[PDB]
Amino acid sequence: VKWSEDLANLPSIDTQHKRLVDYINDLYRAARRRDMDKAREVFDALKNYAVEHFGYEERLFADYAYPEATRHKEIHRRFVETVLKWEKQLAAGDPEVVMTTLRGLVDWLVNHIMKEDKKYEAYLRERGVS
């Protein structure tokens, strides 16, 4: 996926978001090849990685006393909860269910990056974060 100005952010953050995009692409690859065991494998990995990327941002919020840390962490938390629900549907889902889930993942991620993560960039940049 492209990297518009809104999606853009701190280099180390761009690196992790792009990795989420890679996992998203891998998930589409599995569905495409109609491999549900691989799709479930990738989703699991996509899930753990998102939680670690959230934890990385949250650690930055802590380190630099980011004012809007509370709201942001709760948004992160709700999505994880959502990802866990989606995860159960893949147990008996088909390539179609994978694609619908994939669309939800994409819709949330892009909106989140452009509207929530973007709020912390200037703040962290002016404090020496990269």
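In case it trips you up, residue 1 is the first one in the sequence shown, and so on.
Across the two stretches, 65 to 73 and 46 to 54, the PDB entry reports the greater mean Cα temperature factor for 65 to 73.
Averaged over their C-alpha atoms, the temperature factors of 97 to 105 and 56 to 64 are higher for 97 to 105. Placement of the Cα temperature factor of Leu90 within the chain: highest third of the modelled residues, per the deposited record. Ranked against the other modelled residues of its chain, the C-alpha B-factor of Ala31 as given in the entry falls in the highest third. Among the modelled residues of its chain, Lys115 has a C-alpha B-factor that falls in the highest third, as given in the PDB entry. Among all modelled residues in this chain, the alpha-carbon of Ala8 has a temperature factor (C-alpha) in the highest third. Among all modelled residues in this chain, the alpha-carbon of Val1 has a temperature factor (C-alpha) in the highest third.
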